[PDB]
Amino acid sequence: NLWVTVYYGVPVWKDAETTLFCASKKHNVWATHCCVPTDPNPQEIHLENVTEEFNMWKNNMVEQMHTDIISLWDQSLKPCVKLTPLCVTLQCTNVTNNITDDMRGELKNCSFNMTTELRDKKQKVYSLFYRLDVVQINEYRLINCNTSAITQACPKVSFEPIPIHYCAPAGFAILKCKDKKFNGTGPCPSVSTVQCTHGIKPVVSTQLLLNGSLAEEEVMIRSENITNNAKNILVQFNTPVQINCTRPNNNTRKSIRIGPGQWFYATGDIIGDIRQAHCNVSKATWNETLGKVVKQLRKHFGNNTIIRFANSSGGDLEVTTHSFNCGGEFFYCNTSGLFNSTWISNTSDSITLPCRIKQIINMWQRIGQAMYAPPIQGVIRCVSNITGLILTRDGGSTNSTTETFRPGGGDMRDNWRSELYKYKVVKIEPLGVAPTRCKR
Amino acid sequence: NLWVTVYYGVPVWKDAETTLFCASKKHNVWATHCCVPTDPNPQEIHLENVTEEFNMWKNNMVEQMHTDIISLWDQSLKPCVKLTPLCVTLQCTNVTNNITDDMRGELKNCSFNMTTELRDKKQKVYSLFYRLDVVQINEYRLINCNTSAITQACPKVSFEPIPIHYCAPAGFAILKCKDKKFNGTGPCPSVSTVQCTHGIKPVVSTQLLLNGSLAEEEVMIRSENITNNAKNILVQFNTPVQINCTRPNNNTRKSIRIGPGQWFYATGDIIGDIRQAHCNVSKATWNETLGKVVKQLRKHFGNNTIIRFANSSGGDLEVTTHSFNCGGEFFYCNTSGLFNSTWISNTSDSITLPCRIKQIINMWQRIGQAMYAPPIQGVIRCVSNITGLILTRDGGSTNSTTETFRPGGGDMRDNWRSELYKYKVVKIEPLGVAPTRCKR
Amino acid sequence: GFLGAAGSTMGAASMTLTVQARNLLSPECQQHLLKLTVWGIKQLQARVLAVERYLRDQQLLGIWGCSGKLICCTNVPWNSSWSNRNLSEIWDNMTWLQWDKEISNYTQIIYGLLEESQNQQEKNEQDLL
Amino acid sequence: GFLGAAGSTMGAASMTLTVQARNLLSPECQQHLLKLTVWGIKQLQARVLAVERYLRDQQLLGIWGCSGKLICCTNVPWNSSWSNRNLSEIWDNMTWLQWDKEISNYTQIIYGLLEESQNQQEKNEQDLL
Amino acid sequence: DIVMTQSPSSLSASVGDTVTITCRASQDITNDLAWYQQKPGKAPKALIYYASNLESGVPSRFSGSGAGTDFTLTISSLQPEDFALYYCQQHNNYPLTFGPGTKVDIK
Amino acid sequence: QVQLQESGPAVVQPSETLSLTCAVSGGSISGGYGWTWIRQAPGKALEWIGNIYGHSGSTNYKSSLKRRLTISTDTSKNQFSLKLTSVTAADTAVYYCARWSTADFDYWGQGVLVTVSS
Ligand SMILES: *[C@@H]1O[C@H](CO)[C@@H](O[C@@H]2O[C@H](CO)[C@@H](O[C@@H]3O[C@H](CO[C@H]4O[C@H](CO)[C@@H](O)[C@H](O)[C@@H]4O)[C@@H](O)[C@H](O[C@H]4O[C@H](CO)[C@@H](O)[C@H](O)[C@@H]4O[C@H]4O[C@H](CO)[C@@H](O)[C@H](O)[C@@H]4O)[C@@H]3O)[C@H](O)[C@H]2NC(C)=O)[C@H](O)[C@H]1NC(C)=O
Ligand SMILES: *[C@@H]1O[C@H](CO)[C@@H](O[C@@H]2O[C@H](CO)[C@@H](O[C@@H]3O[C@H](CO[C@H]4O[C@H](CO)[C@@H](O)[C@H](O)[C@@H]4O)[C@@H](O)[C@H](O[C@H]4O[C@H](CO)[C@@H](O)[C@H](O)[C@@H]4O[C@H]4O[C@H](CO)[C@@H](O)[C@H](O)[C@@H]4O)[C@@H]3O)[C@H](O)[C@H]2NC(C)=O)[C@H](O)[C@H]1NC(C)=O
Ligand SMILES: *[C@@H]1O[C@H](CO)[C@@H](O[C@@H]2O[C@H](CO)[C@@H](O[C@@H]3O[C@H](CO)[C@@H](O)[C@H](O)[C@@H]3O)[C@H](O)[C@H]2NC(C)=O)[C@H](O)[C@H]1NC(C)=O
Ligand SMILES: *[C@@H]1O[C@H](CO)[C@@H](O[C@@H]2O[C@H](CO)[C@@H](O[C@@H]3O[C@H](CO)[C@@H](O)[C@H](O)[C@@H]3O)[C@H](O)[C@H]2NC(C)=O)[C@H](O)[C@H]1NC(C)=O
Ligand SMILES: *[C@@H]1O[C@H](CO)[C@@H](O[C@@H]2O[C@H](CO)[C@@H](O)[C@H](O)[C@H]2NC(C)=O)[C@H](O)[C@H]1NC(C)=O
Ligand SMILES: *[C@@H]1O[C@H](CO)[C@@H](O[C@@H]2O[C@H](CO)[C@@H](O)[C@H](O)[C@H]2NC(C)=O)[C@H](O)[C@H]1NC(C)=O
Ligand SMILES: *[C@@H]1O[C@H](CO)[C@@H](O[C@@H]2O[C@H](CO)[C@@H](O)[C@H](O)[C@H]2NC(C)=O)[C@H](O)[C@H]1NC(C)=O
Ligand SMILES: *[C@@H]1O[C@H](CO)[C@@H](O[C@@H]2O[C@H](CO)[C@@H](O)[C@H](O)[C@H]2NC(C)=O)[C@H](O)[C@H]1NC(C)=O
Ligand SMILES: *[C@@H]1O[C@H](CO)[C@@H](O[C@@H]2O[C@H](CO)[C@@H](O)[C@H](O)[C@H]2NC(C)=O)[C@H](O)[C@H]1NC(C)=O
Ligand SMILES: *[C@@H]1O[C@H](CO)[C@@H](O[C@@H]2O[C@H](CO)[C@@H](O)[C@H](O)[C@H]2NC(C)=O)[C@H](O)[C@H]1NC(C)=O
Ligand SMILES: *[C@@H]1O[C@H](CO)[C@@H](O[C@@H]2O[C@H](CO)[C@@H](O)[C@H](O)[C@H]2NC(C)=O)[C@H](O)[C@H]1NC(C)=O
Ligand SMILES: *[C@@H]1O[C@H](CO)[C@@H](O[C@@H]2O[C@H](CO)[C@@H](O)[C@H](O)[C@H]2NC(C)=O)[C@H](O)[C@H]1NC(C)=O
Ligand SMILES: *[C@@H]1O[C@H](CO)[C@@H](O[C@@H]2O[C@H](CO)[C@@H](O)[C@H](O)[C@H]2NC(C)=O)[C@H](O)[C@H]1NC(C)=O
Ligand SMILES: *[C@@H]1O[C@H](CO)[C@@H](O)[C@H](O)[C@H]1NC(C)=O
Ligand SMILES: *[C@@H]1O[C@H](CO)[C@@H](O)[C@H](O)[C@H]1NC(C)=O
Ligand SMILES: *[C@@H]1O[C@H](CO)[C@@H](O)[C@H](O)[C@H]1NC(C)=O
Ligand SMILES: *[C@@H]1O[C@H](CO)[C@@H](O)[C@H](O)[C@H]1NC(C)=O
Ligand SMILES: *[C@@H]1O[C@H](CO)[C@@H](O)[C@H](O)[C@H]1NC(C)=O
Ligand SMILES: *[C@@H]1O[C@H](CO)[C@@H](O)[C@H](O)[C@H]1NC(C)=O
Ligand SMILES: *[C@@H]1O[C@H](CO)[C@@H](O)[C@H](O)[C@H]1NC(C)=O
Ligand SMILES: *[C@@H]1O[C@H](CO)[C@@H](O)[C@H](O)[C@H]1NC(C)=O
Ligand SMILES: *[C@@H]1O[C@H](CO)[C@@H](O)[C@H](O)[C@H]1NC(C)=O
Ligand SMILES: *[C@@H]1O[C@H](CO)[C@@H](O)[C@H](O)[C@H]1NC(C)=O
Ligand SMILES: *[C@@H]1O[C@H](CO)[C@@H](O)[C@H](O)[C@H]1NC(C)=O
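Protein chains in written order, with this note's numbering: chain A, 508 to 947; chain B, 508 to 947; chain C, 67 to 195; chain D, 67 to 195; chain E, 190 to 296; chain F, 13 to 130.
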């Protein structure tokens, strides 16, 4: 009665593992990396029914970003100065002039014998340094000399985190989950097809997620496994928290020719008082925000248990502090002033976070490399949107006494999956068969 | 009566010049070079008749291996240390302690001023060296300084000669010659088609071919031109000869930081007695083996002529000695003890070959480069299968007195064609015509 | 399962055309080829060339009016100069390898004639309507 | 032998379609392009793009039911707004270069109509059986 | 198959005589010929290989030569212990093939 | 050096299987040699039967016997053997074993005279 009939152009698909294009300043690395334009993207096609299954914890788009962002970064800064010759014994004293007390011992004033453009002459030069980049001998040396020759990031390369969009290649499509409050896994009932994702800013940070998207309705707490203390908990806020960060001290920059076309940028004398870098977080806003987080958090905890927030104890700066880059400088701020509370499970104007900065930055774990950010002249003023948090559980024996929770670090994948959870890529499979009542 | 009719998918082919895929440890270069899996390869299709013409002396698969193996080698070791700074005047004495007589003057003990990680400090270090790598001034210098800055092979890169298979790309096929005792050229009557060849171990050596395949029936002697003394003779054995090589002396290794992330591996003091490296070849086995070789060799020589084997006279180590790499070290063994005989043309327990080793190895002729193999700690024990030989004729005037034959070197192509002689690659040509009694 | 017909008579082998034609388009390396990219170049060149060859065969079948099916009659008389042989002498007794050699030097003659046969056929249909 | 028809009237040039269509797929460098591989990239890009263009033309002919042959009637009425001209005014007097300009802005109109004509034709055949 | 023949089928000789026999191939076998000495009651002794090379244990009086299809076995100074049957065989291809043999008798 | 020695039935009846074993001493069965069976029919010239290699099998048989003839080895006894099924009167011969090397048979056994008879 029926014979095989072949149908081509059948609207079906399978899970894909593919490479997305990227789509979009002169100096900005992402601006020059992907020129593929995007903006006129009312290309979203609602799919009735479907109910596609998503799993953000296995999302290979996150993995792609990790690989490509690191590559772009390294490629962009590979052809710069390579300040191997800066790794010499330094003669240092502390900067002790127009300073505050919180800066005592923070800055060093070091002199050294630097090469000149001629391979027979040396010059006496000096630079100010942050103590976090300089290690005492038994005289001082730069800390990186233990593992790596370092470079100098090019002053003409911009890492402003302009948003980029990802687009699927022909034969592939991206399924977007529109299920409001989708936790991150399972049968998303409302999906649409796009060729290109919305723009995501490639912002690098620990503890606090900055300038990402906000939840459409209510604060969302998600994790791969909420009962596993080995897993991170990602929290998306439905409102931003305003954070104002600054680097006081009007700095200047020297330019030293160390070789035939090789310039090194030293930190020169500071104009005005020397003060500590810091961030200001609205007190009330933060309070309200965590109140919402705990009210949601309680979904997975015992009745009237007591929940606390605590100091980010751990072994390093990328573990215990809030790292970020703004104004071109790398900040390591102390967030213990934020994560300090008890919610009682029955309760009824600016937190200042002291902050330090560094120039010799490894970026992504690693043993060697490191980019020596050059000095920035003048002062830095940054205002950001805290859009989310990364936290962990203690996982101890339970005798009431719920986790005191700590913010923490991790690799960059967790700062992207927080956005990428909405997308899945599938392969289109247009060829298939069905029985039909026909013959040639 | 007949009209041209076009047939597509016609089972015909032409000789091809193409690129094969390679198919297969963490550190092994071939393991990481080609991940393309192979094992389930009962893909051999017997072809009745055909009688394909082969010519191993023109086999472009051999040429491909030469090019790709060298490239892989260089690529694998390119990103290592680059020990340019080791090329300094050395202060040396001989090692004279727990030694034997055959090692007198073999090892040097040299001290020098090496750089440290800071570009202002030096350190006094020393290393033991083999005399073959060190040349006396008028004090000593490393021998390579005459032509090349050298590198240090990475300790994490493995060159264990794991076998690899080659596979043809779509549109091509490999014809395997199954004619037992095929000499290497002409109308092979029994062939089959494979997509992938069997695995071949990329073993590097001179004089004696190690760990290759054995002849299916009897010893095979083949050459491009048996009457041309300018050509090499390849001999495939039908039985292996066991060779046991060792490097005595329990060595240790130092690790010297010469720069910011640059480590040099020096040879430290030797534990126990210092003895000469050597190889043990079964006496009887060797005798039987050459007896078989000469009985076959006589096919191309005058009646009852007298055939001899002789010392590999020539101008260099890669010419006169048996070079190989085992345990990570490069050996140069004296084979004059093997190639010493007269067969009379009427005739009715361990040969020890003294052997020396080197670290500064050029690998493939060349003028410069060279990889400085790092030291291996402890001792080395290797057991290999001698599977074949490379020999040459003298070609002098004939007054009876046949060649006294000598083993010798050459480039790597001859160590591969010995296996590759079985394969040819052809291009598939599916489109063709013939007359047929039909019209549209 | 692939070239076993290459020795069969041309006639017998006409039943395996599918067998050979169907093989024409036949992690870790994923990262290896993105480094030391000369290897990536070699792989891309191989893939591209396979495609180009495939398309040229399809283009020839297209131009001759033989796109679709493995066997087509083209109405060009066989010139018994290209091969002055009987069908019982070639289809029943020769293999395709032998045949390809037998008329290798007429390949271009026949192909030009095939293109024109098709040109005339298309013209005639358009002229009819 | 290639573009000499580009000035002939469209009618006369209809006999050279084969001449132009047949050219679409038309050592040492072998080693040079494997070094300084940016050159290899340029060559691969060129080869790939030629293939992509070829395939898109074939895809358009496929979707319109004109895959195979160089000339096909598609049953879409000519709208004498696209070009309110007589056939004696265009086929006999205009060249293809002139014509392409004359109706360049209807290319997309016609193509959409052609796709639907084919969709209806296939539907009708499947509905019949 | 490659067929081997011999001529004469028999030869008469005295001690001290030089005698020869000829082995012929139906196919060119370059030099892949071997000669044997068979005495009544025993398996044959190899004499010559590759048309002309003497085998170990064979007295110097045994020699021979030939190529392609025509080969000769020569026994100089024929000894009383040499009144035996002689055979030739080809090993150029399979089956290995032996000639009919030549019987050498003593006058 | 090497000594070969045949053993087995002197008389086999028609249709039965003849099995002859050639023991090897003075060398190994496993070496790179062609273990070969050869027979000489009474009143006839010597005829090759087939062979097997000590290290590889990879046999060679007279084609006319391939449907009846099997040649194999047993390394535990350092021996090789000839198995011929469906014997007939035409198979009467003295069977010898021999050791083939390169261009000749270096070693021979003594032979077994085998008669095919009810
Ligand atoms: C979350 O999102 C917020 C909002 O976008 C983001 O903060 C913003 O960061 C960017 C980059 O750090 C800030 O942009 C800088 O603003 C200063 C101030 O200029 C003001 O006045 C001009 C006058 O026309 C206005 O146009 C401008 O908008 C401001 O009002 C600029 O000076 C900066 O440009 C310089 O630095 C760039 C670095 O790549 C150079 O490319 C550029 O050419 C400029 O360099 C020149 O001046 C330097 C001064 O010393 C000199 O050294 C150089 O050699 C050269 O001469 C830049 O525009 C923006 O204002 C921030 N927004 C707020 C509200 O503060 C957060 O960072 C983001 N959070 C995270 C974590 O990403
Ligand atoms: C013809 O074919 C033969 C047969 O394969 C081949 O010889 C073989 O060569 C390989 C490589 O040279 C030998 O393998 C080495 O064996 C030693 C001994 O280990 C024994 O005990 C362990 C216990 O579980 C067994 O598993 C093992 O099989 C042995 O019995 C190993 O120690 C070697 O591994 C080390 O070196 C490797 C170098 O690439 C490292 O990758 C590996 O991680 C190990 O390194 C570690 O130890 C080092 C010791 O100082 C240390 O320095 C490193 O930092 C690290 O800690 C390796 O397995 C194999 O035994 C040989 N076979 C025989 C019979 O000897 C011939 O070479 C071949 N001929 C030619 C010319 O190619
Ligand atoms: C970091 O240390 C350096 C090195 O000591 C400090 O620079 C030094 O500053 C003094 C005072 O500004 C300079 O003295 C100058 O002497 C000339 C002599 O005629 C005089 O005319 C000037 O008015 C001035 O007094 C000194 O040369 C200068 N040294 C160098 C190498 O430039 C630097 O200020 C210290 N920075 C901080 C933040 O402490
Ligand atoms: C190669 O030459 C070097 C350089 O001479 C030899 O190393 C030297 O060995 C001696 C004896 O082991 C070391 O002497 C030490 O002195 C201290 C002083 O308190 C003593 O406590 C130790 O017990 C020891 O005697 C000497 O320092 C050392 N030199 C260096 C630079 O390390 C090396 O042993 C020689 N190797 C061979 C194989 O000959
Ligand atoms: C630059 O190099 C000079 C030369 O070595 C250093 O000055 C020497 O310092 C030592 C320390 O005791 C003195 O004994 C020498 O007399 C000094 N020589 C001279 C010429 O000054 C100098 O300190 C180095 N400078 C820096 C900043 O590292
Ligand atoms: C997101 O919410 C869904 C509920 O819609 C969770 O899926 C349920 O998980 C439980 C676990 O045992 C299953 O028993 C239910 O059958 C699941 N429901 C469905 C519809 O499959 C899902 O696990 C949540 N995911 C996250 C990341 O929290
Ligand atoms: C912080 O969040 C606020 C609130 O969403 C952002 O302000 C909005 O920016 C969008 C951009 O087009 C405007 O359409 C909205 O009207 C703005 N809202 C308000 C209340 O003005 C603000 O830009 C965010 N800042 C960062 C750094 O992302
Ligand atoms: C966490 O909260 C506690 C309680 O408010 C803080 O401790 C108090 O800090 C104020 C600051 O002036 C003191 O006056 C109180 O005496 C402190 N309380 C006690 C019991 O000593 C604590 O410092 C907070 N931690 C962080 C990191 O902010
Ligand atoms: C390392 O460098 C020092 C400095 O040049 C060398 O020692 C000098 O050797 C000369 C040789 O006559 C002496 O005159 C100097 O007095 C020595 N100076 C010092 C400070 O020792 C030293 O030999 C070098 N070492 C090596 C191993 O090369
Ligand atoms: C391999 O053996 C073949 C024989 O089968 C050799 O080919 C012969 O070479 C001679 C040289 O003059 C020709 O006269 C014969 O006609 C050839 N025979 C065939 C069948 O063509 C071949 O040369 C040998 N090759 C090697 C490498 O030794
Ligand atoms: C080649 O063979 C000759 C002959 O056996 C070797 O010379 C003999 O070596 C032994 C070793 O103890 C001596 O006792 C003999 O006196 C030597 N013979 C003569 C005539 O001197 C020769 O050494 C061998 N060559 C090699 C490289 O092994
Ligand atoms: C290869 O040649 C053989 C003959 O040498 C061909 O064998 C034919 O097989 C068919 C099968 O039924 C027989 O009917 C023919 O009589 C055989 N030929 C002869 C001469 O007997 C074989 O077909 C040829 N090629 C292939 C690929 O099979
Ligand atoms: C280019 O223009 C010329 C006229 O200027 C065309 O020439 C025509 O050639 C045919 C050939 O038989 C004549 O019959 C016509 O009368 C000629 N035209 C005129 C106006 O005389 C020519 O064909 C045009 N283009 C090409 C490509 O040939
Ligand atoms: C520099 O810092 C160290 C750190 O303890 C301090 O002891 C020393 O007194 C400081 N020097 C000056 C000049 O303040
Ligand atoms: C330098 O490396 C050594 C290696 O163990 C380490 O102990 C030391 O602490 C490192 N220096 C610094 C400043 O950490
Ligand atoms: C950040 O600066 C803006 C500037 O108007 C201000 O309104 C906002 O309150 C500041 N936020 C904090 C936390 O001080
Ligand atoms: C935050 O909540 C705690 C809860 O007791 C309260 O004491 C504190 O004053 C609150 N802070 C703000 C800024 O409202
Ligand atoms: C809720 O309270 C009761 C009171 O005894 C307690 O036993 C129970 O374990 C609590 N539930 C959880 C999940 O902690
Ligand atoms: C923040 O400063 C406080 C001051 O007492 C210190 O105890 C805490 O460990 C610091 N935390 C971090 C993350 O630096
Ligand atoms: C070092 O080797 C040379 C080489 O002949 C030798 O003359 C010298 O005596 C040796 N030195 C020692 C200490 O043995
Ligand atoms: C160094 O190079 C020169 C160049 O002719 C050569 O003569 C000398 O022998 C070389 N050194 C060694 C140790 O061979
Ligand atoms: C090599 O070592 C093995 C280990 O058992 C041994 O049997 C063999 O005889 C040795 N070969 C030689 C030549 O010593
Ligand atoms: C190798 O053959 C020669 C030939 O005369 C012999 O003298 C020698 O003893 C033989 N060696 C062995 C190990 O049998
Ligand atoms: C074989 O021996 C004879 C004896 O004189 C000699 O003339 C002949 O040249 C030899 N054959 C060869 C090929 O040497």
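Just so you know, even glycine gets a beta-carbon here, dropped at the ideal spot from N, CA and C.
Judging by CA-CA distance, which residue of the options is the nearest neighbour of residue i?
{"i": "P670(B)", "options": "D640(B), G706(B) and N645(B)", "result": "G706(B)"}
{"i": "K738(B)", "options": "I650(B), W564(B), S819(B) and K708(B)", "result": "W564(B)"}
Spell out whether any CB of chain B is found under 8 Å from the CB atom of residue i.
{"i": "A115(F)", "result": "yes"}
{"i": "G38(F)", "result": "no"}
Can you determine whether any heavy atom of ligand 9 sits closer than 7 Å to the C-beta of residue i, and answer yes or no?
{"i": "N620(B)", "result": "yes"}
Return yes when the C-beta of residue i is under 7 Å from any heavy atom of ligand 7, and no when it is not.
{"i": "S891(A)", "result": "yes"}
Flag residue i as yes if its beta-carbon sits less than 8 Å from any beta-carbon of chain D, otherwise no.
{"i": "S133(C)", "result": "yes"}
How about residue i: is its Cβ closer than 7 Å to a heavy atom in ligand 14?
{"i": "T600(A)", "result": "yes"}
For chain G, is any of its Cβ atoms less than 8 Å away from the one on residue i?
{"i": "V117(D)", "result": "This model lacks chain G altogether; the protein chains it does include are A, B, C, D, E and F."}
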